[PDB]
Ligand code: HEM
Ligand SMILES: [K+]
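As structure tokens, then:
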């Protein structure tokens with residue numbers, strides 16, 4: 011999709027780059043978008059790709075857009091038109107001050123006591139999935155761990171049956187990274203019809219699970235409604251069934267080629283929260299579509315109320331104005347500075363789940379399987395987009411390297 015140039019843009023800004031096809035399908039998503047940070051490039055570009063849209067290159071503007079909600083809004087963070095004409099989800103798309111009620115119900119929908127009874131069952135769940143791979147000398151880590159594990163936890167959290175997993179992951183993959191004749195409206199329509207029977211059942215039949223919470227919690231002196239419940243749930247399931255599934259896989263595509271770091275995670279299992287937040291920096295994976303509230307002036311051009319700009323978090327995790335070591339990766343630097351988790355205007359409700367399933371992955375894979383490499387004659391192809399993925403991750407290992415844990 012390529013568009014002719016709107017002559018209110020002056021050309022010296024213009025850059026060739028698509029969000030689903032970044033500079034090179036053979037690199038990692040951070041190293042595929044890095045060409046936008048060369049020392050001649052402005053803080054923001056117009057791309058004629060995808061039908062036309064503004065991108066920021068620099069972490070520094072991204073972190074300033076992110077501060078004040080009155081100047082820029084997350085209210086639809088999904089920029090291509092198809093998502094832009096059909097995305098509308100709670101708490102994100104609800105106006106404040108009441109929005110902060112839904113945020114606290116969501117905060118408790120995502121509460122750990124309902125899964126914390128289950129910690130040894132969830133630790134079994136990891137072992138179950140690795141112990142199906144371990145003596146075989148190979149896996150394909152997307153399908154063989156990363157889809158199963160965090161989804162099967164989120165299916166405990168929501169009371170959802172595991173036979174639904176091919177359904178809901180198809181939907182959270184078409185919304186983030188499209189291909190077929192299902193539009194975003196169609197994805198949303200089909201997820202909202204899947205959700206409604208489950209919601210109105212919990213309404214008569216509440217039990218311990220997040221969907222029973224999101225079907226019955228109180229907000230501003232009234233209960234939540236089923237149409238609010240289905241609208242929170244969509245975004246929440248695009249969290250737990252996409253953001254964390256892709257993050258696991260890029261975290262091990264890294265470790266597979268790196269036999270120094272796999273020792274680092276077993277010399278200091280304690281330090282893993284540093285490493286985890288370093289991997290969050292180093293594979294920052296999101297590009298979000300910030301909404302203009304009012305106005306914005308830069309380099310003689312001006313933006314309008316209702317307009318928007320794409321903020322690559324893959325380049326927020328990379329700007330040498332904010333981030334001390336851009337490509338370089340070591341587990342022992344102090345807290346990151348970017349926006350791949352929120353700032354002033356909005357904030358991530360759920361990355362605590364994802365970063366836990368990482369901090370748990372970074373133990374229960376390692377403890378069993380400390381040495382591993384991508385299969386010979388294979389190659390990896392990353393899948394950039396508004397939230398990014400990978401095509402597959404086919405790994406190998408000598409299996410007598412391992413021990414039963
Ligand atoms: C580590 C993996 C993940 C990353 C990096 C990530 C990152 C983010 C980012 C950057 C935002 C936008 C913040 C803003 O607009 O300022 C977002 C929002 C959100 N996240 Fe996460 N997230 C992840 C995992 C999760 C999970 C597992 C869930 C599911 C519960 C989730 C639920 C949400 C919700 C509900 C929003 C909307 C927040 C709001 O309106 O302010 N995220 N996330
Ligand atoms: K809206």
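In full-length UniProt numbering, the protein residues as written are 11 to 415.
The C-beta atom is built at its ideal place from N, Cα and C for all residues, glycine as well.
Are residue 219 and residue 147 closer than 8 Å when you measure CB to CB?
-> The Cβ atoms of residue 219 and residue 147 do not sit closer than 8 Å to each other.
Endpoints, alpha helix (DSSP H) assigned at residue 43 = Counting along the chain, the alpha helix (DSSP H) containing residue 43 begins and ends at 39-43.
Let me know the secondary structure DSSP gives residue 59 once reduced to three states.
-> Note: residue 59 maps to strand in three-state DSSP.
Would you check whether ligand 1 has a heavy atom nearer than 7 Å to the C-beta of residue 254?
-> Because some heavy atom of ligand 1 lies under 7 Å away, the Cβ of residue 254 counts as near it: yes.
Would you give the residue range spanned by the alpha helix (DSSP H) that residue 276 belongs to?
-> Here the alpha helix (DSSP H) through residue 276 covers 271-277.
Range of the contiguous beta strand (DSSP E) that encloses residue 149 | First-last of the beta strand (DSSP E) with residue 149: 148-150.
Out of curiosity, what's the CA-to-CA distance linking residue 19 and residue 300?
-> Roughly 19 Å separates the two Cα atoms.
Tell me whether residue 97 counts as near ligand 1, meaning its Cβ is closer than 7 Å to at least one heavy atom of that ligand.
-> Residue 97 Cβ: outside cutoff for every heavy atom of ligand 1.
Is residue 265 helix, strand or coil by DSSP?
-> It is helical.
Would you say the region 140-155 touches the region 199-210, given that touching needs at least three Cβ pairs under 8 Å?
-> The answer is no - the region 199-210 does not touch the region 140-155, with fewer than three Cβ pairs under 8 Å.
Euclidean distance between Cα positions of residue 132 and residue 163 | Taking the CA atoms as reference points, residue 132 sits about 7 Å from residue 163.
Quick one, which of 110, 103, 95 has its alpha-carbon nearest residue 193's?
-> Nearest of 110, 103, 95 to residue 193, Cα basis: 95.
Does DSSP classify residue 372 as helix, strand or coil?
-> Here residue 372 carries a helix assignment [DSSP, helix/strand/coil].
Pull up the distance between the alpha-carbon of residue 49 and that of residue 24, whole angstroms please.
-> One C-alpha to the other measures close to 15 Å.
Contact the region 359-374 vs the region 335-343: 3+ CB pairs below 8 Å = By the criterion of at least three beta-carbon pairs nearer than 8 Å, the region 359-374 is not in contact with the region 335-343.
Contact check, residue 255 vs residue 402 under 8 Å by CB: the rounded distance?
-> At roughly 13 Å, the Cβ-Cβ gap does not stay under 8 Å, so residue 255 and residue 402 are not in contact.
Within the region 292-367, ranges of the beta strand (DSSP E) (whole runs, at least 3 residues) = For the region 292-367, the continuous beta strand (DSSP E) assignments of 3+ residues that do not extend past its boundaries occur at 297-302, 305-308, 311-314, 318-322, in sequence order.
Closest by C-alpha distance to residue 252, when choosing among 226, 304, 129, 176 = When each option's Cα is compared against that of residue 252, the closest is 176.
Any heavy atom of ligand 2 closer than 7 Å to the Cβ of residue 84?
-> Annotation for residue 84 indicates a beta carbon at 7 Å or more from all heavy atoms of ligand 2.
What separation, rounded to the nearest whole angstrom, lies between the Cα atoms of residue 379 and residue 343?
-> In this structure, the alpha-carbon of residue 379 lies about 26 Å from that of residue 343.
Can we say the region 94-113 touches the region 319-330, given the rule of at least three CB pairs closer than 8 Å?
-> No, they do not touch.
Looking at residue 37 and residue 359, is the spacing between their C-beta atoms short of 8 Å?
-> No, these two residues do not count as a Cβ contact at 8 Å.
Is it the case that the CB of residue 116 approaches a heavy atom of ligand 3 more closely than 7 Å?
-> For the structure depicted, ligand 3 is absent and the ligand set comprises only ligand 1 and ligand 2.
Rounded Cβ spacing between residue 244 and residue 99 (contact assumed at less than 8 Å) = Indeed they touch by this definition, with Cβ atoms about 5 Å apart.
Compute the minimum distance between the beta carbon of residue 356 and the heavy atoms of ligand 1, and state whether it is under 7 Å.
-> Residue 356: yes, Cβ under 7 Å from ligand 1.
Given that a residue counts as buried once 16 or more other Cβ atoms are within 10 Å of its Cβ, and exposed if not, what is residue 90?
-> The C-beta of residue 90 has 16 or more other C-beta atoms within 10 Å across all chains shown, which makes the residue buried.
Any idea what DSSP makes of residue 289, helix, strand or coil?
-> Residue 289: helix per DSSP, three-state reduction.
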